[PDB]
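A.B. asks:
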């Protein structure tokens, strides 16, 4: 639900990352962890799950 | 046999055949009498800090130590190994003691005289059941010297047990080594034994030509999506809108990946240029440490981590690398020009840099009125999906360590480098048999305190077979090789000087060849 | 003489309620032996290969494994500054660790993992 | 009350295992320099590392 | 020597945590008419003298 | 009601210790007492007075 | 001077005791100390701190 | 035999097997 999220650009600043030879990589999907607890199906980890595109979806900012 | 026959011959060479190399080293040793034949309780001094307390025993015995690579490989041999092989491991060893000479010393009248005692013995036994404290694998001096013409002194054996302060506890163990069976050797007797190494993984003597974050095809996009924008411009402001992209080469940091870098235990960074460091005493206060039974120990070298990132070769972890001394360096508070600091830069393809954070994790639950917050991860235990390289080995460095006898030991590769062995090459202990001096003609029940001054010398041979994993590399362009420097110089690297002193000018690792991940 | 305990089990809950994945088991849906006075029941079991329990304590500590009589050939950073005139200046200095500075020795092993507990006094 | 219960002692494993109520150790948290002093932090939770050894918990009658 | 009663008056019963329980204490499950045998303690097998004989003389057991 | 028997075979790893000095053993206490440890009382109640672990012998690391 | 060896074989009669409660054993003392019992001191002198008999186990008459 | 050969080796240990124990002491 769009209204529950902060109005800001945190897709990178708030991202889970690792650091290798002075570089940051997004941890995606990362270690296997539960997407949400009971009755919270609307929540998911920022980069913690696999996300597939629907047929005909585009490359950038869908 | 007899007195006029040598019990062995001098063997030094390397034999390269197929996937095997056999090294042989012969040296001349001298063994004194230690502790005037006594066992002694030893402990830390009264004014010592708690972190420095110890309790233990010094013994009259000596022991043989060939747990460094130089003891076996010549510098040219080490070059031949590291330029041509992706891996190596030890298979079996042979050990010989021969040409034993016991000598009497009379220091009477301020004049020294040395005479052969053809009747006296040395005692030798292997601890093949590992029933004594194993002090090999603690990086002690007293190895067979790297240069074959040098004569070395046999180091004195001692051990530590449980202490509370400078005192023992109920669980402290004392060991009499004469309670073991040993061989007694007179001039003309020799000592041999053989040992087989357990199956151990090859040391990886290569570097990776790929990095763990660069493993994808740069030409093709992923079919998976990541969250690329969390808000979008709405009129005069932004509104919350989640948006998703497939990652290609343009956003290569955002790609879905299968693996994680190895674990981390963060070290403080120090510069080889003196002016970049803080003017303060932080060698202990700023040190990476662990805490065991109320004591702090320096973590040195610790887990295998990259010494520095790109273009930062002047930086190294405070206690995160092996540091060797240059020839003639002293014990205490030497300058940085007196020591040689190894570089573990090669493993930064898969291992975190020792002085950086492992990464960032989320610390809160964001919402309309709470922004997302992250935190640096300064210590990261192992996760499923982590990959890493072990620390490199050096010609000056250790070969094996004894895996501690415990219920659990994760990835028991020793942290100073080399081969972890549950049954390492056993300790070979040696001492001169005490020969009492002139006794009284009236019986006394007191133990003898007066002995004839003696020492022993002889030759020792050590022969190790190594299994090789040959480099089979399909890359088109030529690779990195270890080479000697090209120019003229006063002395040649890895040679004696005009005074006859052999020196090792630099540390040499194994990782010159490359492989893909 | 002891009383036989009653068998019960738990499955997935959401609050005090079950979910779709909750399983129910009828034990009478298994085959069982019926025993009348004068019948007996036997069975045998072999344990899998399992490591021995270590019924000993260690007489050595992991931070005290070296020979106290011999120095190390490795160096550690022992001083980061040195007195210069009326103050100090940054100067890195290195020592080989012996028995006098036994906390500073290069070692091969680390203590086991930790998950810190609060301390209470008797 | 505490006189009604018997509290086991796992003291034996302190040769290889951290004390349950102490930190595992200290790690560096920053990059020092001329104007920044080195800072450390206590490690209160430590996952397994390569080179760790430990004993398991004891069993009782 | 053991004694076995009739449990649950021969019934299977759905059981759950009480209504006022905290979230950490919620549970759902079943009580059965069956009993079970439990010898998973060391005292069940070793006498105190036997345990002494074991622990004073052996580095390990399984 | 009935009788139940349980029979377990255990494999032992015997202590083979080369230390010179004597070791720690579990022992019963030396003095007089009203009741003996690990016994019944005058009312027939068996009790276990303390926990007993396994780790009395020592080994090197 | 020389070396002397003495080798003695001893026949054992093993304890086969059916008592329920644990027995008395010889054990080393539990606490810390300057020296360990049955060890050398800092000067290399071995000492025997106490007499040790044989009668720790029990039997019925 | 001869002068350069030791006439024996050092034996100290105890061997516990069954109902027997064998002690060896060299001094």
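Protein chains in written order, with the working numbering: chain H, 23 to 84; chain A, 496 to 1012; chain D, 809 to 930; chain R, 58 to 118; chain F, 10 to 71; chain Y, 391 to 451; chain C, 391 to 451; chain V, 499 to 525.
We put the beta carbon where it would ideally sit given N, CA and C, even for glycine.
1. Rounded to a whole number of angstroms, what is the C-alpha to C-alpha distance between residue 821 (chain D) and residue 66 (chain R)?
2. Given a threshold of 16 other Cβ atoms within 10 Å of its Cβ, counted over all protein chains shown, does residue 356 (chain Y) qualify as buried or as exposed?
3. Residues of chain Y with CB closer than 9 Å to the CB of residue 429 (chain C), please, in chain order.
4. Return the bridge partner residues of residue 584 (chain A) from the DSSP annotation.
5. I need the boundaries of the alpha helix (DSSP H) containing residue 576 (chain A), first residue and last residue.
6. For the stretch 629-659 of chain A, list the beta strand (DSSP E) runs that are entirely contained and at least 3 residues long, ordered along the chain.
7. Between which two residues does the beta strand (DSSP E) carrying residue 834 (chain A) extend?
8. To which residues of the same chain is residue 854 (chain A) closer than 7 Å at the C-beta, ignoring the five residues directly before and after it?
9. Straight-line CA distance for residue 1001 (chain A) to residue 987 (chain A)?
10. Comparing alpha-carbon positions, which option in A:545, A:558, A:722 and A:646 lies nearest residue 36 (chain H)?
11. What does residue 385 (chain Y) reach in chain D if we use C-beta pairs closer than 8 Å?
12. Starting from residue 93 (chain R) and walking both ways along the beta strand (DSSP E), at which residues does that stretch end?
13. Near residue 889 (chain D), which residues of its chain fall below 7 Å by C-beta distance, leaving aside the five closest residues on each side in sequence?
14. Can you have a look at residue 885 (chain A) and say buried or exposed, based on whether 16 or more other CB atoms are within 10 angstroms of its CB?
15. Suppose you measure from the CA of residue 918 (chain A) to the CA of residue 49 (chain F); what does that come to, to the nearest Å?
16. If you follow the beta strand (DSSP E) that residue 24 (chain F) is in, where does it begin and where does it stop?
17. Spatial neighbours of residue 756 (chain A) within its chain, please: C-beta separation below 8 Å, excluding the five flanking residues on both sides.
18. Return the CA-CA distance between residue 414 (chain Y) and residue 418 (chain C), expressed in angstroms with no decimal places.
19. Under 8 Å between the Cβ atoms of residue 907 (chain A) and residue 915 (chain A)?
20. My output table needs one value for residue 51 (chain F): the three-state DSSP class, helix, strand or coil.
21. Which residues in the same chain have their Cβ closer than 6 Å to the Cβ of residue 559 (chain A), if we skip the five residues on either side of it in sequence?
22. Any beta-carbon of chain D closer than 8 Å to the one on residue 20 (chain F)?
23. Is there a Cβ of chain A sitting closer than 8 Å to that of residue 420 (chain C), yes or no?
24. Whose Cβ in chain C lies nearer than 9 Å to the Cβ of residue 417 (chain Y)?
25. With residue 102 (chain R) and residue 834 (chain D) assumed to form a contact (beta carbons below 8 Å), what rounded beta-carbon distance in angstroms separates them?
26. Between residue 717 (chain A) and residue 766 (chain A), is the Cβ-Cβ spacing less than 8 Å?
27. So what's residue 850 (chain D) in DSSP terms, helix, strand or just coil?
28. Could you tell me which chain A residues have their CB closer than 7 Å to the CB of residue 98 (chain R), listed as they occur along the chain?
29. Check whether the Cβ atoms of residue 522 (chain A) and residue 647 (chain A) lie closer than 8 Å to each other.
30. Report buried or exposed for residue 698 (chain A), applying the criterion of at least 16 other Cβ atoms within 10 angstroms of its Cβ.
31. Between residue 58 (chain F) and chain C, is there a C-beta pair that is closer than 8 Å?
32. How is residue 718 (chain A) classed by DSSP in three states: helix, strand or coil?
33. Going by the beta-carbon positions, is the gap between residue 530 (chain A) and residue 592 (chain A) smaller than 8 Å?
34. Give me the chain F residues within the contact set of residue 819 (chain D), using Cβ-Cβ distance strictly less than 7 Å, ordered along the chain.
35. What are the partner residues of residue 518 (chain V), as DSSP defines its beta bridges?
36. Could you give the DSSP three-state label for residue 69 (chain H): helix, strand or coil?
C.D. replies: Looking at the atomic coordinates:
1. In the third chain, the residue the question calls residue 821 (chain D) occupies position 13. In the fourth chain, the residue the question calls residue 66 (chain R) occupies position 9. So the two alpha carbons sit approximately 36 Å from each other.
2. Any answer about residue 356 (chain Y) is impossible in this case: the structure gives chain Y only from 391 up to 451.
3. As a working mapping, residue 429 (chain C) is identified with position 39 in the seventh chain. Near residue 429 (chain C) (Cβ distances below 9 Å), the residues of chain Y are 410 and 411.
4. For the purposes of this step, residue 584 (chain A) is taken as the residue at position 89 of the second chain. In DSSP, residue 584 (chain A) forms a bridge with A:962.
5. Locating residue 576 (chain A) in the second chain gives position 81, where the first residue counts as 1. Residues 570-579.
6. 646-648 and 651-656
7. Counting from 1 along the second chain, the entry for residue 834 (chain A) is found at position 339. Per DSSP, residue 834 (chain A) belongs to the beta strand (DSSP E) from 834-836.
8. Position 359 of the second chain holds residue 854 (chain A). So the list reads 872, once near-sequence residues are dropped.
9. Counting from 1 along the second chain, the entry for residue 1001 (chain A) is found at position 506. Counting from 1 along the second chain, the entry for residue 987 (chain A) is found at position 492. Answer to the nearest angstrom: the Cα atoms are 12 Å apart.
10. Looking up residue 36 (chain H) in the first chain gives position 14. Out of A:545, A:558, A:722 and A:646, A:722 has the C-alpha closest to the C-alpha of residue 36 (chain H).
11. Nothing in the structure corresponds to residue 385 (chain Y), since chain Y is present only between 391 and 451.
12. Here residue 93 (chain R) refers to the residue found at position 36 when the fourth chain is read from its first residue. Note, residue 93 (chain R): premise wrong, no beta strand (DSSP E); not H, not E.
13. For this step, residue 889 (chain D) is matched to residue 81 along the third chain. Around residue 889 (chain D): 896, 897, 898 and 899.
14. Along the second chain, one-based indexing puts residue 885 (chain A) at 390. Buried, by the Cβ-count rule.
15. Position 423 of the second chain, counted from the start, is the residue given in the question as residue 918 (chain A). Position 40 of the fifth chain, counted from the start, is the residue given in the question as residue 49 (chain F). Whole-angstrom Cα-Cα distance: 35 Å.
16. As a working note, residue 24 (chain F) is residue 15 in the fifth chain. Taken as a continuous stretch (DSSP letters only), the beta strand (DSSP E) holding residue 24 (chain F) covers 22-25.
17. As a working mapping, residue 756 (chain A) is identified with position 261 in the second chain. Contacts found: 707, 845, 846, 847, 853, 881, 882 and 883.
18. The count along the sixth chain starts at 1 and reaches residue 414 (chain Y) at position 24. The count along the seventh chain starts at 1 and reaches residue 418 (chain C) at position 28. Taking the straight line joining both Cα atoms gives about 5 Å.
19. Against the second chain, residue 907 (chain A) aligns to sequence position 412. Against the second chain, residue 915 (chain A) aligns to sequence position 420. Yes. Within cutoff.
20. Reading the fifth chain from its first residue, position 42 is the one you call residue 51 (chain F). In the structure shown, residue 51 (chain F) sits in a helix (DSSP, three-state: H, G or I).
21. Counted from its first residue, the second chain places residue 559 (chain A) at position 64. These residues qualify, in order along the chain: 923.
22. Residue numbering aside, residue 20 (chain F) sits at position 11 when the fifth chain is read from its first letter. False, the Cβ-Cβ gap to chain D never drops below 8 Å.
23. If you number the seventh chain from 1, residue 420 (chain C) lands on position 30. So, interface residue.
24. Your numbering for residue 417 (chain Y) matches position 27 in the sixth chain. Per Cβ cutoff of 9 Å: 412, 413, 414, 415, 416, 417 and 446.
25. Counting from one through the fourth chain, the residue named residue 102 (chain R) turns up at place 45. Counting from one through the third chain, the residue named residue 834 (chain D) turns up at place 26. That belief does not hold up - the Cβ atoms of residue 102 (chain R) and residue 834 (chain D) are roughly 43 Å apart, past 8 Å.
26. Looking up residue 717 (chain A) in the second chain gives position 222. Looking up residue 766 (chain A) in the second chain gives position 271. For residue 717 (chain A) and residue 766 (chain A), no; Cβs fall outside 8 Å.
27. Here residue 850 (chain D) is taken as the residue at index 42 of the third chain, counted from 1. Looking at residue 850 (chain D) - three-state DSSP - the assignment turns out to be coil, as it is neither helix nor strand.
28. Locating residue 98 (chain R) in the fourth chain gives position 41, where the first residue counts as 1. Neighbours of residue 98 (chain R) on chain A, chain order: 873.
29. Start at 1 with the first residue of the second chain, and residue 522 (chain A) comes out as number 27. Start at 1 with the first residue of the second chain, and residue 647 (chain A) comes out as number 152. Yes, Cβ-Cβ distance for residue 522 (chain A) and residue 647 (chain A) is below 8 Å.
30. Translated into the one-based positions of the second chain, residue 698 (chain A) becomes position 203. It is buried - the Cβ of residue 698 (chain A) has at least 16 other Cβ atoms within 10 Å.
31. Position 49 of the fifth chain, counted from the first residue, corresponds to residue 58 (chain F). Yes, its Cβ sits closer than 8 Å to a Cβ of chain C.
32. Within the second chain, numbered from 1, the residue matching residue 718 (chain A) stands at position 223. Coil, per DSSP.
33. Your numbering for residue 530 (chain A) matches position 35 in the second chain. Your numbering for residue 592 (chain A) matches position 97 in the second chain. Taking 8 Å as the Cβ cut-off, residue 530 (chain A) and residue 592 (chain A) do not qualify as a contacting pair.
34. By one-based count along the third chain, residue 819 (chain D) stands at place 11. Here the neighbours are 37 and 38.
35. Along the eighth chain, read from residue 1 onward, the residue named residue 518 (chain V) stands at position 20. According to DSSP, residue 518 (chain V) bridges with C:401 and V:515.
36. The residue given as residue 69 (chain H) occupies position 47 in the first chain. Reduced to three states, the DSSP call for residue 69 (chain H) is coil.
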